[PDB]
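Below, in structure tokens: the form solved without the partner chain, a single chain.
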């Protein structure tokens, strides 16, 4: 009965937006307020008991904030099947930069069938433009599968956001 999957998932976004902390909360249920800046790429494995016929493992690639200015993202993205694209809900510079990351991603990697990999937008630090129709419009226009406000600090919506992205990866993996 049981089926096991291993998926490569990217976590990308500007310096200091929370990439590392969202992964540490989701995988280890821990949070530190102390900023330790990531160098290049860091990794985690999440093991998700999806349901009774399904075990999913995620290989989480934590891409550091500077890496879009370097020349290695094509290597980093290779064979990814999903992405979280993370900004800091308090700092608009980090929101403007999400399209730079999103365009980098869509230039460099696609699913085996040629489509864009699903990508979910995480507005992180929600604990610190609050808009229902606007979200939908933005995601449609820039090819995001959905959008969640998150807190790594208070553990808000990180689990739901992950399950949402995994759900899209599973449909694509069956298709």
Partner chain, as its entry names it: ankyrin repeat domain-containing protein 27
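Positions refer to the first chain, counted from 1.
Omitted here: the form solved in complex with the partner chain. The next part is about that form.
Participant: Where, among 60-68, 119-127, 146-154, 133-141, do residues come within 4.5 Å of the partner chain in the entry with it bound by heavy atom distance?
Facilitator: Result of the contact check: 60-68.
Participant: Residue 106: heavy atom within 4.5 Å of the partner chain in the entry with it bound?
Facilitator: Although the partner chain is absent here, residue 106 would stay clear of it in the entry with it bound, with no heavy atoms inside 4.5 Å.
Participant: Quick check on residue 44: any heavy atom within 4.5 Å of the partner chain in the entry with it bound?
Facilitator: Answer yes; at least one heavy atom of residue 44 falls within 4.5 Å of the partner chain in the entry with it bound.
Participant: Hey, in the entry with it bound, is residue 113 touching the partner chain, heavy atoms inside 4.5 Å?
Facilitator: Residue-level check for residue 113: no, no contact with the partner chain.
Participant: My question is simply whether residue 97 lines the interface with the partner chain in the entry with it bound - judged by any non-hydrogen atom within 4.5 Å.
Facilitator: Output for residue 97 is yes: heavy atoms within 4.5 Å of the partner chain.
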